(Lines of atoms letter the chains of each structure in order from A and count residues from 1; the text may use other names and numbers.)
(Lines give C-alpha, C1' and ligand atoms only; values in the text may rest on other atoms or scores of the structure.)
Protein backbone atom coordinates (compact mmCIF):
# COMPACT_ATOMS: atom_id res chain seq x y z
CA UNK A 1 0.00 0.00 0.00
CA UNK A 2 3.16 2.19 0.15
CA UNK A 3 2.89 4.86 -2.60
CA UNK A 4 5.44 4.47 -5.47
CA UNK A 5 8.03 7.21 -6.33
CA UNK A 6 10.24 7.45 -9.48
CA UNK A 7 13.80 8.66 -8.66
CA UNK A 8 15.32 10.82 -11.46
CA UNK A 9 19.10 10.46 -11.23
CA UNK A 10 21.28 9.96 -8.12
CA UNK A 11 20.03 9.20 -4.54
CA UNK A 12 20.46 11.66 -1.63
CA UNK A 13 23.97 12.82 -0.64
CA UNK A 14 23.41 15.10 2.36
CA UNK A 15 20.50 13.93 4.56
CA UNK A 16 21.10 10.23 5.35
CA UNK A 17 18.55 9.71 8.17
CA UNK A 18 15.75 11.53 6.28
CA UNK A 19 16.44 9.53 3.07
CA UNK A 20 16.35 6.20 5.04
CA UNK A 21 12.96 7.22 6.51
CA UNK A 22 11.71 8.21 2.99
CA UNK A 23 12.60 4.73 1.60
CA UNK A 24 10.53 2.99 4.35
CA UNK A 25 7.42 5.19 3.82
CA UNK A 26 7.62 4.93 -0.01
CA UNK A 27 8.64 2.39 -2.67
CA UNK A 28 11.46 4.25 -4.52
CA UNK A 29 12.11 3.13 -8.16
CA UNK A 30 15.40 4.16 -9.92
CA UNK A 31 14.80 5.54 -13.46
CA UNK A 32 18.16 4.14 -14.77
CA UNK A 33 18.21 6.87 -17.45
CA UNK A 34 20.12 6.51 -20.71
CA UNK A 35 18.67 9.01 -23.24
CA UNK A 36 15.55 11.20 -23.72
CA UNK A 37 14.18 8.89 -26.43
CA UNK A 38 14.94 5.79 -24.33
CA UNK A 39 12.96 7.29 -21.36
CA UNK A 40 9.93 8.04 -23.58
CA UNK A 41 9.94 4.40 -24.78
CA UNK A 42 10.22 3.05 -21.21
CA UNK A 43 7.09 5.11 -20.26
CA UNK A 44 5.12 3.85 -23.33
CA UNK A 45 5.99 0.24 -22.41
CA UNK A 46 4.95 0.74 -18.73
CA UNK A 47 8.46 -0.35 -17.66
CA UNK A 48 8.18 1.25 -14.16
CA UNK A 49 4.50 0.33 -13.45
CA UNK A 50 2.00 2.90 -12.03
CA UNK A 51 3.73 5.53 -9.82
CA UNK A 52 2.23 8.47 -7.82
CA UNK A 53 5.23 10.83 -7.53
CA UNK A 54 8.56 11.84 -9.12
CA UNK A 55 11.54 13.17 -7.06
CA UNK A 56 14.66 15.03 -8.37
CA UNK A 57 17.25 15.62 -5.63
CA UNK A 58 19.73 18.05 -7.31
CA UNK A 59 19.82 20.55 -10.20
CA UNK A 60 22.42 18.51 -12.16
CA UNK A 61 20.59 15.16 -11.59
CA UNK A 62 18.49 13.48 -14.34
CA UNK A 63 19.49 15.75 -17.22
CA UNK A 64 19.43 12.72 -19.59
CA UNK A 65 15.62 12.97 -19.54
CA UNK A 66 15.53 16.56 -20.85
CA UNK A 67 13.40 18.15 -22.20
CA UNK A 68 10.18 17.60 -20.22
CA UNK A 69 8.09 18.62 -23.26
CA UNK A 70 4.37 17.99 -23.94
CA UNK A 71 5.38 14.93 -26.01
CA UNK A 72 7.16 13.16 -23.11
CA UNK A 73 4.51 14.26 -20.57
CA UNK A 74 1.74 12.57 -22.66
CA UNK A 75 3.23 9.13 -21.79
CA UNK A 76 3.20 9.48 -17.95
CA UNK A 77 0.96 7.00 -16.05
CA UNK A 78 -2.61 8.09 -15.09
CA UNK A 79 -1.75 7.41 -11.39
CA UNK A 80 0.69 10.37 -11.19
CA UNK A 81 -0.19 13.12 -8.66
CA UNK A 82 2.99 15.17 -7.80
CA UNK A 83 6.59 16.04 -9.04
CA UNK A 84 9.02 17.72 -6.55
CA UNK A 85 12.42 19.13 -7.68
CA UNK A 86 15.60 20.76 -6.33
CA UNK A 87 16.38 24.35 -7.48
CA UNK A 88 14.37 27.53 -8.04
CA UNK A 89 14.35 27.49 -11.87
CA UNK A 90 12.70 24.93 -14.18
CA UNK A 91 13.57 25.95 -17.82
CA UNK A 92 13.68 22.26 -18.85
CA UNK A 93 9.94 21.85 -17.95
CA UNK A 94 6.66 22.68 -19.75
CA UNK A 95 4.70 23.42 -16.52
CA UNK A 96 1.42 24.29 -18.31
CA UNK A 97 1.49 20.87 -20.08
CA UNK A 98 2.22 19.06 -16.75
CA UNK A 99 -0.70 20.91 -15.01
CA UNK A 100 -3.08 20.15 -17.95
CA UNK A 101 -2.47 16.43 -17.23
CA UNK A 102 -3.58 17.05 -13.60
CA UNK A 103 -0.07 16.79 -12.02
CA UNK A 104 1.03 19.15 -9.14
CA UNK A 105 4.55 20.64 -9.20
CA UNK A 106 6.81 21.88 -6.35
CA UNK A 107 10.19 23.59 -6.81
CA UNK A 108 12.54 24.27 -3.83
CA UNK A 109 11.78 28.01 -3.38
CA UNK A 110 13.42 29.55 -0.26
CA UNK A 111 16.25 26.95 0.09
CA UNK A 112 19.03 29.44 -0.84
CA UNK A 113 17.63 32.66 0.78
CA UNK A 114 20.64 32.97 3.18
CA UNK A 115 23.31 32.14 0.53
CA UNK A 116 21.97 34.38 -2.24
CA UNK A 117 21.40 37.39 0.09
CA UNK A 118 24.94 37.05 1.57
CA UNK A 119 26.44 36.95 -1.92
CA UNK A 120 24.49 40.11 -2.91
CA UNK A 121 25.87 41.82 0.25
CA UNK A 122 29.45 40.84 -0.82
CA UNK A 123 28.79 42.49 -4.24
CA UNK A 124 27.40 45.67 -2.58
CA UNK A 125 30.54 45.91 -0.39
CA UNK A 126 32.77 45.31 -3.51
CA UNK A 127 31.20 48.09 -5.66
CA UNK A 128 31.28 50.75 -2.85
CA UNK A 129 34.92 49.93 -1.81
CA UNK A 130 36.45 49.01 -5.23
CA UNK A 131 37.76 45.76 -3.70
CA UNK A 132 37.92 43.76 -6.97
CA UNK A 133 40.49 46.23 -8.44
CA UNK A 134 42.46 46.18 -5.13
CA UNK A 135 42.71 42.33 -5.27
CA UNK A 136 44.17 42.37 -8.80
CA UNK A 137 46.78 44.96 -7.71
CA UNK A 138 47.79 42.92 -4.66
CA UNK A 139 48.20 39.79 -6.88
CA UNK A 140 50.90 41.46 -9.04
CA UNK A 141 53.35 41.13 -6.11
CA UNK A 142 54.85 44.48 -7.25
CA UNK A 143 55.44 47.01 -4.38
CA UNK A 144 54.96 50.18 -6.45
CA UNK A 145 51.67 48.88 -7.91
CA UNK A 146 50.46 48.17 -4.31
CA UNK A 147 51.12 51.81 -3.28
CA UNK A 148 49.74 53.38 -6.51
CA UNK A 149 46.41 51.50 -6.38
CA UNK A 150 46.04 52.03 -2.53
CA UNK A 151 46.09 55.78 -3.33
CA UNK A 152 43.91 55.63 -6.47
CA UNK A 153 41.08 53.81 -4.64
CA UNK A 154 40.84 56.65 -2.00
CA UNK A 155 39.75 59.08 -4.77
CA UNK A 156 36.49 57.07 -5.39
CA UNK A 157 35.65 54.69 -2.43
CA UNK A 158 32.67 55.32 -0.01
CA UNK A 159 31.00 53.62 3.06
CA UNK A 160 27.48 52.20 2.33
CA UNK A 161 26.27 53.83 5.64
CA UNK A 162 23.78 56.68 4.96
CA UNK A 163 23.49 55.92 1.20
CA UNK A 164 20.25 54.77 -0.52
CA UNK A 165 19.79 51.12 -1.67
CA UNK A 166 17.21 50.77 -4.46
CA UNK A 167 15.47 47.37 -4.42
CA UNK A 168 14.11 46.22 -7.85
CA UNK A 169 11.78 43.51 -6.47
CA UNK A 170 11.01 42.95 -2.73
CA UNK A 171 10.57 39.14 -2.49
CA UNK A 172 12.09 36.89 0.21
CA UNK A 173 15.72 37.08 -1.02
CA UNK A 174 15.59 40.90 -1.34
CA UNK A 175 13.98 41.18 2.16
CA UNK A 176 17.10 39.48 3.62
CA UNK A 177 19.45 41.70 1.48
CA UNK A 178 17.64 44.78 2.86
CA UNK A 179 17.65 43.59 6.52
CA UNK A 180 21.45 43.10 6.28
CA UNK A 181 22.13 46.34 4.38
CA UNK A 182 19.84 48.55 6.57
CA UNK A 183 20.42 47.22 10.13
CA UNK A 184 23.93 45.80 9.50
CA UNK A 185 25.56 48.37 7.16
CA UNK A 186 23.33 51.40 7.97
CA UNK A 187 21.92 52.05 4.43
CA UNK A 188 18.48 53.64 3.69
CA UNK A 189 15.91 51.76 1.55
CA UNK A 190 13.53 52.56 -1.36
CA UNK A 191 11.71 49.81 -3.34
CA UNK A 192 9.72 49.06 -6.54
CA UNK A 193 7.43 45.96 -6.74
CA UNK A 194 4.05 44.88 -8.19
CA UNK A 195 2.62 44.31 -4.69
CA UNK A 196 3.25 46.36 -1.55
CA UNK A 197 5.16 44.96 1.39
CA UNK A 198 2.89 44.83 4.44
CA UNK A 199 2.83 47.72 6.95
CA UNK A 200 4.88 45.59 9.40
CA UNK A 201 7.69 44.71 6.93
CA UNK A 202 7.77 48.30 5.68
CA UNK A 203 8.13 49.53 9.30
CA UNK A 204 10.82 46.96 10.23
CA UNK A 205 13.04 47.87 7.24
CA UNK A 206 12.09 51.56 7.02
CA UNK A 207 11.11 50.75 3.42
CA UNK A 208 9.59 53.51 1.27
CA UNK A 209 7.67 52.40 -1.86
CA UNK A 210 8.14 54.32 -5.19
CA UNK A 211 5.73 54.21 -8.24
CA UNK A 212 8.07 53.73 -11.27
CA UNK A 213 11.53 52.41 -12.27
CA UNK A 214 12.48 56.00 -13.20
CA UNK A 215 11.77 57.18 -9.62
CA UNK A 216 13.83 54.25 -8.30
CA UNK A 217 16.85 55.10 -10.53
CA UNK A 218 16.66 58.84 -9.61
CA UNK A 219 16.88 58.12 -5.85
CA UNK A 220 19.50 55.26 -5.67
CA UNK A 221 23.24 55.23 -4.85
CA UNK A 222 23.28 51.45 -5.46
CA UNK A 223 20.56 49.38 -7.26
CA UNK A 224 19.98 45.67 -6.26
CA UNK A 225 18.22 43.55 -8.94
CA UNK A 226 16.26 40.54 -7.48
CA UNK A 227 13.18 39.52 -9.59
CA UNK A 228 11.76 36.36 -11.29
CA UNK A 229 12.99 35.98 -14.90
CA UNK A 230 10.18 36.03 -17.48
CA UNK A 231 9.45 37.71 -20.84
CA UNK A 232 8.30 40.81 -18.90
CA UNK A 233 11.69 41.04 -17.09
CA UNK A 234 13.96 40.50 -20.19
CA UNK A 235 16.11 43.67 -20.46
CA UNK A 236 14.06 45.27 -17.61
CA UNK A 237 17.18 47.32 -16.87
CA UNK A 238 17.92 49.02 -20.22
CA UNK A 239 19.42 52.22 -21.79
CA UNK A 240 16.49 54.30 -20.43
CA UNK A 241 17.07 53.05 -16.83
CA UNK A 242 20.80 53.95 -16.94
CA UNK A 243 19.94 57.40 -18.34
CA UNK A 244 17.79 58.03 -15.25
CA UNK A 245 20.51 56.98 -12.72
CA UNK A 246 22.74 59.43 -10.73
CA UNK A 247 26.27 60.17 -12.01
CA UNK A 248 28.86 57.94 -10.33
CA UNK A 249 26.26 55.37 -9.19
CA UNK A 250 26.46 51.53 -8.81
CA UNK A 251 24.44 48.32 -9.66
CA UNK A 252 24.44 44.59 -8.62
CA UNK A 253 22.61 41.53 -10.08
CA UNK A 254 22.00 38.12 -8.47
CA UNK A 255 18.78 37.31 -10.40
CA UNK A 256 19.20 36.17 -14.04
CA UNK A 257 21.78 37.45 -16.59
CA UNK A 258 19.44 38.84 -19.30
CA UNK A 259 17.47 40.99 -16.74
CA UNK A 260 20.20 43.63 -17.34
CA UNK A 261 21.17 44.47 -20.97
CA UNK A 262 24.95 43.72 -21.28
CA UNK A 263 25.41 46.37 -24.01
CA UNK A 264 23.54 49.09 -22.06
CA UNK A 265 25.66 48.31 -18.95
CA UNK A 266 28.99 48.51 -20.88
CA UNK A 267 27.96 51.90 -22.41
CA UNK A 268 27.05 53.34 -18.97
CA UNK A 269 30.46 52.34 -17.55
CA UNK A 270 32.38 53.72 -20.57
CA UNK A 271 30.68 57.15 -20.15
CA UNK A 272 31.20 57.43 -16.36
CA UNK A 273 27.44 57.29 -15.58
CA UNK A 274 28.22 54.18 -13.47
CA UNK A 275 31.36 54.13 -11.30
CA UNK A 276 31.18 50.35 -10.73
CA UNK A 277 29.07 47.18 -11.17
CA UNK A 278 28.84 43.62 -9.77
CA UNK A 279 27.43 40.60 -11.70
CA UNK A 280 27.01 37.04 -10.37
CA UNK A 281 24.76 36.32 -13.44
CA UNK A 282 25.62 37.02 -17.15
CA UNK A 283 23.56 37.77 -20.33
CA UNK A 284 25.38 35.09 -22.42
CA UNK A 285 26.29 32.74 -19.50
CA UNK A 286 28.61 30.73 -19.40
CA UNK A 287 30.40 33.30 -21.64
CA UNK A 288 31.47 36.27 -19.45
CA UNK A 289 31.92 39.64 -21.28
CA UNK A 290 35.56 40.26 -22.36
CA UNK A 291 34.79 44.01 -22.49
CA UNK A 292 33.66 43.91 -18.82
CA UNK A 293 36.73 41.83 -17.84
CA UNK A 294 39.18 44.39 -19.37
CA UNK A 295 37.82 47.29 -17.20
CA UNK A 296 38.95 48.45 -13.73
CA UNK A 297 35.78 48.28 -11.62
CA UNK A 298 33.51 45.41 -12.63
CA UNK A 299 33.19 42.58 -10.05
CA UNK A 300 32.48 39.22 -11.81
CA UNK A 301 31.63 35.82 -10.20
CA UNK A 302 30.65 32.31 -11.53
CA UNK A 303 26.90 32.23 -10.61
CA UNK A 304 27.75 31.23 -6.97
CA UNK A 305 24.71 33.03 -5.39
CA UNK A 306 23.03 29.88 -3.97
CA UNK A 307 26.19 27.69 -4.00
CA UNK A 308 26.58 26.69 -0.32
CA UNK A 309 26.36 23.25 1.35
CA UNK A 310 23.36 24.42 3.50
CA UNK A 311 21.30 25.23 0.34
CA UNK A 312 21.81 21.63 -0.90
CA UNK A 313 20.67 20.23 2.49
CA UNK A 314 17.48 22.28 2.19
CA UNK A 315 16.89 21.05 -1.46
CA UNK A 316 16.84 17.46 -0.05
CA UNK A 317 14.66 18.40 2.98
CA UNK A 318 12.07 20.28 0.88
CA UNK A 319 11.69 17.66 -1.90
CA UNK A 320 11.14 14.73 0.56
CA UNK A 321 8.93 16.76 2.91
CA UNK A 322 6.67 18.02 0.06
CA UNK A 323 5.89 14.44 -1.12
CA UNK A 324 5.41 13.16 2.49
CA UNK A 325 2.91 15.99 3.28
CA UNK A 326 0.96 15.68 -0.02
CA UNK A 327 0.56 11.84 -0.17
CA UNK A 328 0.67 10.66 3.49
CA UNK A 329 -0.36 13.54 5.83
CA UNK A 330 -3.26 15.12 3.90
CA UNK A 331 -1.46 18.49 3.92
CA UNK A 332 -0.74 21.02 1.13
CA UNK A 333 2.73 21.46 -0.48
CA UNK A 334 5.14 23.95 1.19
CA UNK A 335 6.46 25.30 -2.12
CA UNK A 336 3.96 24.83 -5.00
CA UNK A 337 4.72 26.36 -8.43
CA UNK A 338 1.87 26.64 -10.98
CA UNK A 339 -1.58 25.18 -10.32
CA UNK A 340 -2.55 23.91 -6.81
CA UNK A 341 -4.40 20.55 -6.32
CA UNK A 342 -5.90 18.66 -3.30
CA UNK A 343 -3.71 16.55 -0.97
CA UNK A 344 -4.33 12.96 0.23
CA UNK A 345 -3.51 10.78 3.29
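Positions refer to the first chain, counted from 1.
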property: Higher-B stretch (mean Cα B-factor, as the entry records it), 276-284 or 36-44; result: 36-44
property: Of 174-182 and 264-272, the one with larger mean CA B-factor; result: 264-272
property: Criterion, highest CA B-factor; candidates, 78, 233, 253, 134; result: 233
property: Candidate set 166, 160, 89, 112 [ranked by C-alpha B-factor, highest]; result: 89
property: Third of the chain's Cα B-factor distribution that residue 15 belongs to, per the entry; result: highest
property: Relative C-alpha B-factor of residue 2, binned into the chain's lowest, middle or highest third; result: highest
property: Chain-wide C-alpha B factor ranking for residue 139, given as lowest, middle or highest third; result: middle
property: Record-listed C-alpha B factor of residue 99: chain third; result: middle
property: Where the record places residue 329 (Cα B-factor, split into thirds across the chain); result: highest
